[PDB]
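Asker: Below are the structure tokens for one structure; questions will follow.
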Amino acid sequence: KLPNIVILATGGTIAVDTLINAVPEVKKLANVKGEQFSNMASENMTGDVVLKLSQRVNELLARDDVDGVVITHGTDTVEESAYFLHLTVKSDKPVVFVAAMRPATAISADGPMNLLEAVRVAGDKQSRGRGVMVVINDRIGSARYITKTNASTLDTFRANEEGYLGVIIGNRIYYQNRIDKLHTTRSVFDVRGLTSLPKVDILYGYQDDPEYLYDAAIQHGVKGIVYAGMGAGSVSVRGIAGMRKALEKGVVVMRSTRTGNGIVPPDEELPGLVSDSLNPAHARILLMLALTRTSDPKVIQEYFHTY
Amino acid sequence: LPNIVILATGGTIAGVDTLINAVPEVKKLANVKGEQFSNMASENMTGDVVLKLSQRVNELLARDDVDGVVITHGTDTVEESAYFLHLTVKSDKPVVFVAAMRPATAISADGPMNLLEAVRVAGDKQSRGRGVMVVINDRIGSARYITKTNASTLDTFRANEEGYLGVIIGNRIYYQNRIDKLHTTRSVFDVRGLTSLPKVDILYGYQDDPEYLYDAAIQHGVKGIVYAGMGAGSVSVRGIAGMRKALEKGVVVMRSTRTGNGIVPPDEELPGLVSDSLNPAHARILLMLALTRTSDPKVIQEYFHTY
Amino acid sequence: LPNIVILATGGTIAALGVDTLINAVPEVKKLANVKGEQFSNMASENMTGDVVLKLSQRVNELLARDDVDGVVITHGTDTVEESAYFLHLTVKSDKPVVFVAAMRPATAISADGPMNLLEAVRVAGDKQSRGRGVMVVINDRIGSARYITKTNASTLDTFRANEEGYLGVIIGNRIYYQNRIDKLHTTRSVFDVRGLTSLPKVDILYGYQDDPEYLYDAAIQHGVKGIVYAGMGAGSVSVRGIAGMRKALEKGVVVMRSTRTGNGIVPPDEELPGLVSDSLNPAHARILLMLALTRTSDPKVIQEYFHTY
Amino acid sequence: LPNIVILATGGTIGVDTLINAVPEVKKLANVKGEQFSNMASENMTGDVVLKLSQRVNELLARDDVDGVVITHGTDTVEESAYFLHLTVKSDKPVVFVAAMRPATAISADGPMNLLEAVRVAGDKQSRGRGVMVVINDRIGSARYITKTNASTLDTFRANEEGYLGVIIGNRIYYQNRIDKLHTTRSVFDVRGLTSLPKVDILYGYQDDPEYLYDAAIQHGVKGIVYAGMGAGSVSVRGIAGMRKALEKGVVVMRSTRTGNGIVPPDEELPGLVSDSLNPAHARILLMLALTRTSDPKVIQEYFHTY
Ligand SMILES: N[C@@H](CCC(=O)O)C(=O)O
Ligand SMILES: N[C@@H](CCC(=O)O)C(=O)O
Ligand SMILES: N[C@@H](CCC(=O)O)C(=O)O
Ligand SMILES: N[C@@H](CCC(=O)O)C(=O)O
């Protein structure tokens, strides 16, 4: 009859028991059991905690008595945590992240409805093999493309060029797309038996950008640097000098964009690698994981075109 | 026939003379005069050159034989240069920035039509007193709201929540909005005689963001820091430590958002000021100009809600 | 505290007494001194011109009073853009007129109505809201009746103006105004319906491959005075549609070419018959054409209205 | 080089005149042009689209044809593209291309659009993705793409569904694969047909008239697509009109005039619902559905799967 869903809470203004007792209708959709993983605002989520989360989810999905998992998280960095598990979960079972833009105590709070939709999505057989998803505001987005585009609105999560995987209207799921990238069960990345991740920082691009910020990053032991550049990863003379110093020290430089959408195309005349359509936040996640398997720039560049 | 001066600063759209002769149709819309101001890619445009550009335009618009000015610029940082002039040009006469996403030698190059449209706008009497504008892909955008949203497409310039000031279809201008902010003739920012501006850097917000970046900035004498934060300017414990140190040293901290759109609301629990709806790039420009007149956080905050 | 009147016409947001609505969201009572009035109670798909005509007259009556600072009108979402644009052109006052609605029923989990209503009252009572034309408030956004339209059949963020943006937004209980529309409205509008009891008949026909000529004949047979064409692309017409439009013109009917696309400008074209709708979509175009026919039948004058309102 | 045939039907984008105008395409593939017709898309008719589909099926069956590019006007390309999306029985790429600015205009978009269409049609990674529309560096699916703006270059978009891929720097970046039935897995075949069932579209608005339904019924339509208010809502006059049609055996399909979104089922109302298909796309699927059956339950399932 009903599928077994585990609700793993990590924090956020949305929620775990109380949360569940707030919308009992979920009991009509599946057999739920809640587990408190942590309780912190997403702005304080760290790589080591995300790493533990990924490991815990792989453990649960290995069980025969678990059909899917729903994860409550804060909205601010959910695109970072979601993409990490998108690349590290070794199962076709549904992993759904859910969040809320208004606190549970607010008038017309969105959390209750988002949670109900998240459970319905995770328990549906149609949801298997689609990669990690983020459910909110009646939409279903892919971890690889979804990002928070507005600071304070309910409809903040969008993928302008890629669209949504599907939508939920009238308690029915309408799947529209399947992403054409590698993920989950077909990913080469595995963090089981790992307890630490390579250090990667992000530097911004703008008029008068300082070369000294690069010096500080290098001296503090970074293994990689993601550049949120102007336009299509364009670099000033000061940025070029800073990138050269990094390259001599064995640090991997990845050029992305501050614009918010689009493709950063390769350019033999500029230093570093290019991020494809990955934004700064997503690019950092993939670079950290890539560095746990290799340091060859040719191999890393290919990961960015396929993941 | 209106007298229009075309001031060239660089960009792939281009000297200024061969530019004008490459598209002779503009000669039928106005009596144009070209002037070479500089010639570099926009990623290398610096605050001191922009300061000089602003002063030169103020000089030109003061003459009775000049009805408007068109400035060719690279797309990558045009939103920075345009917003600077939006706040410093003391004239009612039209100032229009124009650019191109494809090189002049490209098949289906967009530069020729963009230039023709910019001249049409600068010469039209109904274009007076609307603030500095950016004309590209048949659209007219305000310097205060427009931004490059895509790394590589022709339709990259958009103001998702604010829309366009107007559009140009079939050689006719259709004006839709007037911005409800202060600019040009009613701005308090006077830059006559200045040779340099206060140093202001931008730091990114993400999972595991480091404290040492704030240290480096302070260590190098910055007078202000724009934070492109998570969500609505959220700050991690590490980011908060870095900010408190800057405030002690007397540095102004402005909290913005890395999301791309929306309002960052006030919050007494967090340190620093808030950017209203200005993105990181626009926020930096306003903060520098504010630092030329005051250091009182109360005054600066009001500037961000009215400009 | 401002004096605001809440006029209920229907919609899932409120069917229930307008008073029960106010008692349900008591917070509004701390933003202003509110008074409710039940004008009607029907789904917007059933709102008619004669009814919208009465609503306009009643609102002009209320705003003429010194003891009334603004009005909030609850309405269904489906045709609110039509009702809102009608008042946008006929209300002769600078006081705020704010339409509000809800995409989810009052009994739904995470219903949007309560917050939408609180935001509408805050907008209607703010002094900075005067002289901005009729507005539509929903999902933290403030949109102009002239540009706003329902763009999605079932989502909460359905109301948008893709090319024109929002007039402002409401975040953290604070209003942030961004634009002022550059079009004529309210106090500077020539349309005056006080004293009118009926409206000219205007129908809308769609443009698509294989479109039939007989739909034009049917409309003509039933005495329409105007026809709005939701055309392909920039108001393009097939050989069958042109034959239909020519028969209509021969019979005294005014033809207006708009677009089915959803956004943009339908530019002038002297090769084709009829007038053009500027950036007005089919629904908005029908409202302006009906009002225009109460004043004149001159094509040159009507065309000018479409470029200024 | 792959073998690509450019089939011209019209549009402001002499098929060989265009080929001589943009000779860059000969470095991308061995091209060959064919003049199928020459009319503005607003004048494209079902009988013509039927012949176009039969011709394309015929060409893609050959050993020496790797893909086909079709030049078309922008106004109804979404209608012609979706018709072929449902009737072409092959995995080989079928790409529709158009231009918003005249070939004589300054900064004309046609040359680049064509170059990108040929690149997409000749790439092996483009197989089995369904019929596509290429324009302004974007690759869109015929099932989701629509002309959203009357006159801009960036008019073709799929707000909720996004693009299949994008073309930047002479390289193709595929992003999605649609999750709907099409081409080789479609049950619609129009081989042998010379005519299609009559289907008309009626608009929903305040004061909508009942007599328009009577008119359609009088002229023998087999189906009616309703571009309704909101989620296919209907006024009392509309309900009266729909009831008359149903008792006469006419199939009523409720869609939406809004431009995007799902029209959910509601049995308190008359007729079927269009899922996420807009009015123009809905009429096309309904006509083809009527060549197989008149059963309401079956037609409704087609609308949830195609
Ligand atoms: N900064 C908080 C906001 C509340 C929320 O998004 O739930 C977080 O990201 O957790
Ligand atoms: N990075 C170059 C790109 C070319 C252009 O936008 O003109 C610039 O911003 O100048
Ligand atoms: N068709 C209903 C939907 C519910 C609503 O929008 O309030 C109406 O427009 O009244
Ligand atoms: N109405 C014309 C416009 C030109 C074009 O799109 O090519 C057509 O759709 O053919």
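By convention here, the chains of the structure tokens are called A, B, ... in the order presented, each chain's residues are numbered starting at 1, and ligands are numbered starting at 1 in the order presented.
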For ligand 2, return the neighbouring residues as a PyMOL selection string (distance at most 7 Å; only C-alpha atoms and all ligand atoms).
Answerer: (chain A and resi 231+234) or (chain B and resi 10-13+40-43+73-77+99-101)
Asker: Do you know which residues are at most 8 Å from residue D:251 counting only C-alpha atoms, after dropping those on the same chain fewer than 5 positions away, and could you put them as a tab-separated table (two decimals) with N, CA, C and O atoms, in the first residue's frame?
Answerer:
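To be explicit, this is the file written out as around.tsv:
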chain	number	residue	atom	x	y	z
D	222	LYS	N	-16.01	19.08	-35.90
D	222	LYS	CA	-16.02	17.84	-35.14
D	222	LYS	C	-15.47	18.09	-33.74
D	222	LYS	O	-15.70	17.31	-32.82
D	223	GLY	N	-14.74	19.19	-33.58
D	223	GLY	CA	-14.18	19.52	-32.29
D	223	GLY	C	-14.06	21.01	-32.06
D	223	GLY	O	-14.01	21.79	-33.01
D	224	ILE	N	-14.01	21.41	-30.79
D	224	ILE	CA	-13.90	22.81	-30.41
D	224	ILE	C	-12.88	22.99	-29.28
D	224	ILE	O	-13.02	22.38	-28.22
D	245	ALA	N	-23.21	21.55	-28.09
D	245	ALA	CA	-22.20	20.91	-28.92
D	245	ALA	C	-22.06	19.43	-28.58
D	245	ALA	O	-22.00	18.59	-29.46
D	246	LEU	N	-22.00	19.12	-27.28
D	246	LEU	CA	-21.85	17.74	-26.85
D	246	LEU	C	-23.02	16.86	-27.27
D	246	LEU	O	-22.82	15.71	-27.65
D	271	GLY	N	-16.82	18.91	-21.04
D	271	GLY	CA	-15.64	18.66	-21.85
D	271	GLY	C	-14.40	18.10	-21.19
D	271	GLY	O	-14.40	17.71	-20.01
D	294	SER	N	-13.36	8.87	-31.38
D	294	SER	CA	-14.14	9.98	-30.85
D	294	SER	C	-14.37	9.75	-29.37
D	294	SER	O	-15.02	10.57	-28.71
D	296	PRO	N	-14.11	10.01	-25.65
D	296	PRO	CA	-13.58	11.03	-24.73
D	296	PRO	C	-12.46	10.56	-23.79
D	296	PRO	O	-11.49	11.29	-23.58
Asker: Please return, as a ChimeraX atom specification, all residues of chain A lying within 12 Å of chain C when only C-alpha atoms are considered.
Answerer: /A:22-25,100-117,136-139,150-158,167-170
Asker: Considering only C-alpha atoms, state which residue in the set D:272, D:229, D:139, D:299 is at the smallest distance from chain A.
Answerer: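 Ranking D:272, D:229, D:139, D:299 by distance to chain A, first place goes to D:139.
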Asker: Could you list, as an NGL selection string, the residues of chain B having an atom within 7 Å of chain C when counting only C-alpha atoms?
Answerer: :B and (160-164 or 170 or 175-180 or 265)
Asker: Please produce, as a tab-separated table, a per-residue contact table for chain B versus ligand 1 (criterion: any atom at most 10 Å away, only C-alpha atoms and all ligand atoms considered), showing the nearest atom pair and its distance in Å to one decimal, sorted by chain then residue number.
Answerer:
residue	atom	partner	partner_atom_place_in_ligand_line	distance
B:230	CA	ligand 1	1 (N)	7.6
B:231	CA	ligand 1	1 (N)	6.7
B:232	CA	ligand 1	1 (N)	7.6
B:233	CA	ligand 1	1 (N)	8.4
B:234	CA	ligand 1	1 (N)	5.5
B:235	CA	ligand 1	1 (N)	8.0
B:236	CA	ligand 1	1 (N)	9.1
Asker: Skipping near chain neighbours, those fewer than 5 positions away, what residues fall within 9 Å of residue D:119 using only C-alpha atoms, listed as a ChimeraX atom specification?
Answerer: /D:25,28-29,114,170-172
Asker: Set the cut-off to 7 Å, count only C-alpha atoms and all ligand atoms, and list whatever residues fall near ligand 3 as a PDB file with N, CA, C and O atoms, in the first residue's frame.
Answerer:
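Listed below is the output, selection.pdb:
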ATOM      1  N   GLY C  10     -16.800  39.091  -5.131  1.00  0.00           N
ATOM      2  CA  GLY C  10     -16.778  37.642  -5.220  1.00  0.00           C
ATOM      3  C   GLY C  10     -15.355  37.118  -5.179  1.00  0.00           C
ATOM      4  O   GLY C  10     -14.461  37.780  -4.651  1.00  0.00           O
ATOM      5  N   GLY C  11     -15.138  35.934  -5.743  1.00  0.00           N
ATOM      6  CA  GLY C  11     -13.811  35.349  -5.742  1.00  0.00           C
ATOM      7  C   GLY C  11     -13.663  34.350  -4.606  1.00  0.00           C
ATOM      8  O   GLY C  11     -14.334  34.465  -3.579  1.00  0.00           O
ATOM      9  N   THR C  12     -12.781  33.372  -4.780  1.00  0.00           N
ATOM     10  CA  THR C  12     -12.573  32.354  -3.759  1.00  0.00           C
ATOM     11  C   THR C  12     -11.887  32.913  -2.519  1.00  0.00           C
ATOM     12  O   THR C  12     -11.926  32.298  -1.453  1.00  0.00           O
ATOM     13  N   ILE C  13     -11.258  34.076  -2.664  1.00  0.00           N
ATOM     14  CA  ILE C  13     -10.565  34.718  -1.554  1.00  0.00           C
ATOM     15  C   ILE C  13     -11.551  35.036  -0.435  1.00  0.00           C
ATOM     16  O   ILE C  13     -11.256  34.834   0.744  1.00  0.00           O
ATOM     17  N   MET C  42     -20.029  36.587  -7.089  1.00  0.00           N
ATOM     18  CA  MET C  42     -19.961  35.670  -8.215  1.00  0.00           C
ATOM     19  C   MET C  42     -18.537  35.385  -8.678  1.00  0.00           C
ATOM     20  O   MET C  42     -17.615  36.155  -8.405  1.00  0.00           O
ATOM     21  N   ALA C  43     -18.371  34.265  -9.375  1.00  0.00           N
ATOM     22  CA  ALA C  43     -17.077  33.869  -9.919  1.00  0.00           C
ATOM     23  C   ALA C  43     -16.798  34.868 -11.045  1.00  0.00           C
ATOM     24  O   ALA C  43     -17.715  35.219 -11.797  1.00  0.00           O
ATOM     25  N   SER C  44     -15.553  35.327 -11.165  1.00  0.00           N
ATOM     26  CA  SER C  44     -15.224  36.323 -12.181  1.00  0.00           C
ATOM     27  C   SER C  44     -15.517  35.913 -13.622  1.00  0.00           C
ATOM     28  O   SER C  44     -15.717  36.779 -14.481  1.00  0.00           O
ATOM     29  N   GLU C  45     -15.566  34.613 -13.906  1.00  0.00           N
ATOM     30  CA  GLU C  45     -15.865  34.200 -15.273  1.00  0.00           C
ATOM     31  C   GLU C  45     -17.292  34.624 -15.642  1.00  0.00           C
ATOM     32  O   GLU C  45     -17.650  34.645 -16.823  1.00  0.00           O
ATOM     33  N   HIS C  75     -11.944  40.279  -5.800  1.00  0.00           N
ATOM     34  CA  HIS C  75     -12.473  39.851  -7.094  1.00  0.00           C
ATOM     35  C   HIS C  75     -11.833  38.508  -7.457  1.00  0.00           C
ATOM     36  O   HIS C  75     -10.811  38.133  -6.881  1.00  0.00           O
ATOM     37  N   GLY C  76     -12.438  37.778  -8.392  1.00  0.00           N
ATOM     38  CA  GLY C  76     -11.862  36.510  -8.809  1.00  0.00           C
ATOM     39  C   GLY C  76     -10.649  36.791  -9.677  1.00  0.00           C
ATOM     40  O   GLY C  76     -10.549  37.864 -10.272  1.00  0.00           O
ATOM     41  N   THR C  77      -9.735  35.834  -9.773  1.00  0.00           N
ATOM     42  CA  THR C  77      -8.519  36.029 -10.562  1.00  0.00           C
ATOM     43  C   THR C  77      -8.686  35.948 -12.081  1.00  0.00           C
ATOM     44  O   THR C  77      -7.998  36.659 -12.819  1.00  0.00           O
ATOM     45  N   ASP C  78      -9.596  35.096 -12.551  1.00  0.00           N
ATOM     46  CA  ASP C  78      -9.772  34.892 -13.985  1.00  0.00           C
ATOM     47  C   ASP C  78      -9.976  36.118 -14.871  1.00  0.00           C
ATOM     48  O   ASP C  78      -9.342  36.222 -15.921  1.00  0.00           O
ATOM     49  N   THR C  79     -10.847  37.044 -14.478  1.00  0.00           N
ATOM     50  CA  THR C  79     -11.058  38.232 -15.305  1.00  0.00           C
ATOM     51  C   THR C  79     -10.769  39.544 -14.570  1.00  0.00           C
ATOM     52  O   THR C  79     -11.275  40.603 -14.958  1.00  0.00           O
ATOM     53  N   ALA C 101      -6.917  39.466  -5.022  1.00  0.00           N
ATOM     54  CA  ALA C 101      -7.528  38.165  -5.278  1.00  0.00           C
ATOM     55  C   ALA C 101      -6.638  37.059  -4.714  1.00  0.00           C
ATOM     56  O   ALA C 101      -5.583  37.349  -4.140  1.00  0.00           O
ATOM     57  N   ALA C 102      -7.064  35.804  -4.872  1.00  0.00           N
ATOM     58  CA  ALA C 102      -6.303  34.655  -4.370  1.00  0.00           C
ATOM     59  C   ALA C 102      -6.370  33.453  -5.315  1.00  0.00           C
ATOM     60  O   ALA C 102      -7.431  33.135  -5.848  1.00  0.00           O
ATOM     61  N   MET C 103      -5.240  32.779  -5.512  1.00  0.00           N
ATOM     62  CA  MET C 103      -5.201  31.618  -6.397  1.00  0.00           C
ATOM     63  C   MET C 103      -5.619  30.312  -5.718  1.00  0.00           C
ATOM     64  O   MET C 103      -5.992  29.352  -6.392  1.00  0.00           O
TER      65      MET C 103
ATOM     66  N   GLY D 230      -8.513  31.862 -17.066  1.00  0.00           N
ATOM     67  CA  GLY D 230      -7.855  31.073 -16.037  1.00  0.00           C
ATOM     68  C   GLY D 230      -7.666  29.612 -16.410  1.00  0.00           C
ATOM     69  O   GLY D 230      -7.216  29.301 -17.511  1.00  0.00           O
ATOM     70  N   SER D 233     -11.978  28.068 -17.097  1.00  0.00           N
ATOM     71  CA  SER D 233     -13.255  28.416 -16.470  1.00  0.00           C
ATOM     72  C   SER D 233     -14.259  28.806 -17.554  1.00  0.00           C
ATOM     73  O   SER D 233     -13.870  29.347 -18.589  1.00  0.00           O
TER      74      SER D 233
END
Asker: Going by DSSP on the backbone, which bits of stretch 217-252 of chain A are alpha helix (DSSP H)? Write them as a ChimeraX atom specification, please.
Answerer: /A:217-219,237-248
Asker: May I have the residues from that selection written out with C-alpha atoms, as a compact mmCIF listing (two decimals), in the first residue's frame?
Answerer:
# COMPACT_ATOMS: atom_id res chain seq x y z
CA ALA A 217 43.86 32.61 -0.85
CA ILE A 218 47.09 30.99 -2.02
CA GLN A 219 48.91 31.62 1.26
CA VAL A 237 45.06 42.53 -15.88
CA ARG A 238 45.09 42.30 -12.08
CA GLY A 239 43.08 39.09 -12.16
CA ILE A 240 45.37 37.53 -14.75
CA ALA A 241 48.44 38.28 -12.62
CA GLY A 242 46.70 36.72 -9.61
CA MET A 243 45.68 33.61 -11.57
CA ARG A 244 49.24 33.10 -12.82
CA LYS A 245 50.62 33.09 -9.27
CA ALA A 246 48.01 30.49 -8.39
CA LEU A 247 48.84 28.27 -11.35
CA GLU A 248 52.57 28.25 -10.45
Asker: Please tabulate, as a Markdown table, the residues of chain C that come within 6 Å of chain D, each with its closest pair of atoms and the distance in Å to one decimal, counting only C-alpha atoms and ordering rows by chain, then residue number upward.
Answerer:
| residue | atom | partner | partner_atom | distance |
| --- | --- | --- | --- | --- |
| C:45 | CA | D:235 | CA | 5.2 |
| C:46 | CA | D:235 | CA | 5.1 |
| C:48 | CA | D:207 | CA | 5.5 |
| C:78 | CA | D:230 | CA | 4.7 |
| C:150 | CA | D:258 | CA | 5.8 |
| C:151 | CA | D:258 | CA | 4.6 |
| C:152 | CA | D:260 | CA | 4.7 |
| C:153 | CA | D:231 | CA | 4.6 |
| C:209 | CA | D:45 | CA | 5.6 |
| C:210 | CA | D:45 | CA | 5.5 |
| C:232 | CA | D:75 | CA | 5.5 |
| C:233 | CA | D:75 | CA | 4.8 |
| C:234 | CA | D:150 | CA | 4.6 |
| C:238 | CA | D:43 | CA | 5.1 |
| C:261 | CA | D:148 | CA | 4.6 |
| C:262 | CA | D:148 | CA | 5.6 |
| C:263 | CA | D:149 | CA | 4.6 |
| C:264 | CA | D:150 | CA | 5.0 |
| C:265 | CA | D:150 | CA | 5.9 |
Asker: Based on the selection just made, write N, CA and C atoms of those residues as a PDB file, in the first residue's frame.
Answerer:
ATOM      1  N   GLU C  45     -15.566  34.613 -13.906  1.00  0.00           N
ATOM      2  CA  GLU C  45     -15.865  34.200 -15.273  1.00  0.00           C
ATOM      3  C   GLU C  45     -17.292  34.624 -15.642  1.00  0.00           C
ATOM      4  N   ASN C  46     -18.095  34.966 -14.631  1.00  0.00           N
ATOM      5  CA  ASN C  46     -19.477  35.396 -14.844  1.00  0.00           C
ATOM      6  C   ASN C  46     -19.688  36.902 -14.664  1.00  0.00           C
ATOM      7  N   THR C  48     -20.047  40.618 -15.791  1.00  0.00           N
ATOM      8  CA  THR C  48     -20.465  41.211 -17.060  1.00  0.00           C
ATOM      9  C   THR C  48     -20.242  42.720 -17.119  1.00  0.00           C
ATOM     10  N   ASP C  78      -9.596  35.096 -12.551  1.00  0.00           N
ATOM     11  CA  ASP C  78      -9.772  34.892 -13.985  1.00  0.00           C
ATOM     12  C   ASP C  78      -9.976  36.118 -14.871  1.00  0.00           C
ATOM     13  N   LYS C 150      -2.987  37.628 -16.128  1.00  0.00           N
ATOM     14  CA  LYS C 150      -2.795  36.294 -15.557  1.00  0.00           C
ATOM     15  C   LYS C 150      -2.060  35.491 -16.629  1.00  0.00           C
ATOM     16  N   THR C 151      -0.801  35.143 -16.365  1.00  0.00           N
ATOM     17  CA  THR C 151       0.018  34.420 -17.342  1.00  0.00           C
ATOM     18  C   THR C 151       0.055  32.904 -17.211  1.00  0.00           C
ATOM     19  N   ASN C 152      -0.400  32.385 -16.078  1.00  0.00           N
ATOM     20  CA  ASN C 152      -0.398  30.950 -15.846  1.00  0.00           C
ATOM     21  C   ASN C 152      -1.778  30.535 -15.347  1.00  0.00           C
ATOM     22  N   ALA C 153      -2.240  29.385 -15.811  1.00  0.00           N
ATOM     23  CA  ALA C 153      -3.550  28.897 -15.417  1.00  0.00           C
ATOM     24  C   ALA C 153      -3.706  28.524 -13.944  1.00  0.00           C
ATOM     25  N   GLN C 209      -4.097  28.572 -37.935  1.00  0.00           N
ATOM     26  CA  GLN C 209      -4.136  27.946 -39.259  1.00  0.00           C
ATOM     27  C   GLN C 209      -5.557  27.432 -39.547  1.00  0.00           C
ATOM     28  N   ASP C 210      -6.039  27.658 -40.768  1.00  0.00           N
ATOM     29  CA  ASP C 210      -7.376  27.217 -41.180  1.00  0.00           C
ATOM     30  C   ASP C 210      -8.528  27.983 -40.516  1.00  0.00           C
ATOM     31  N   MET C 232      -2.232  36.003 -35.159  1.00  0.00           N
ATOM     32  CA  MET C 232      -0.996  35.245 -35.211  1.00  0.00           C
ATOM     33  C   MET C 232       0.121  36.287 -35.257  1.00  0.00           C
ATOM     34  N   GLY C 233       1.203  36.053 -34.518  1.00  0.00           N
ATOM     35  CA  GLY C 233       2.306  37.001 -34.514  1.00  0.00           C
ATOM     36  C   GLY C 233       1.872  38.439 -34.282  1.00  0.00           C
ATOM     37  N   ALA C 234       2.419  39.362 -35.071  1.00  0.00           N
ATOM     38  CA  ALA C 234       2.094  40.783 -34.947  1.00  0.00           C
ATOM     39  C   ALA C 234       0.782  41.135 -35.663  1.00  0.00           C
ATOM     40  N   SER C 238      -4.862  35.728 -42.299  1.00  0.00           N
ATOM     41  CA  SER C 238      -4.917  34.806 -43.434  1.00  0.00           C
ATOM     42  C   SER C 238      -5.881  35.351 -44.487  1.00  0.00           C
ATOM     43  N   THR C 261       0.006  35.995 -29.044  1.00  0.00           N
ATOM     44  CA  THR C 261       1.291  35.644 -28.430  1.00  0.00           C
ATOM     45  C   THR C 261       1.418  35.860 -26.932  1.00  0.00           C
ATOM     46  N   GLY C 262       0.830  36.937 -26.425  1.00  0.00           N
ATOM     47  CA  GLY C 262       0.903  37.201 -24.999  1.00  0.00           C
ATOM     48  C   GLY C 262       1.644  38.465 -24.580  1.00  0.00           C
ATOM     49  N   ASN C 263       2.562  38.955 -25.417  1.00  0.00           N
ATOM     50  CA  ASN C 263       3.351  40.152 -25.098  1.00  0.00           C
ATOM     51  C   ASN C 263       3.760  40.927 -26.354  1.00  0.00           C
ATOM     52  N   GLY C 264       4.227  42.160 -26.161  1.00  0.00           N
ATOM     53  CA  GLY C 264       4.717  42.941 -27.283  1.00  0.00           C
ATOM     54  C   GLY C 264       3.826  43.909 -28.035  1.00  0.00           C
ATOM     55  N   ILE C 265       4.448  44.564 -29.010  1.00  0.00           N
ATOM     56  CA  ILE C 265       3.802  45.566 -29.850  1.00  0.00           C
ATOM     57  C   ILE C 265       3.275  45.038 -31.187  1.00  0.00           C
TER      58      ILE C 265
END
Asker: Which neighbours of residue A:1 fall inside 10 Å, counting only C-alpha atoms, when residues of the same chain fewer than 6 positions from it are skipped, and could you give them as a count of residues only?
Answerer: 3
Asker: With distances taken over only C-alpha atoms, which of B:146, B:107, B:45, B:135 is nearest to chain D?
Answerer: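 Nearest to chain D: B:107.
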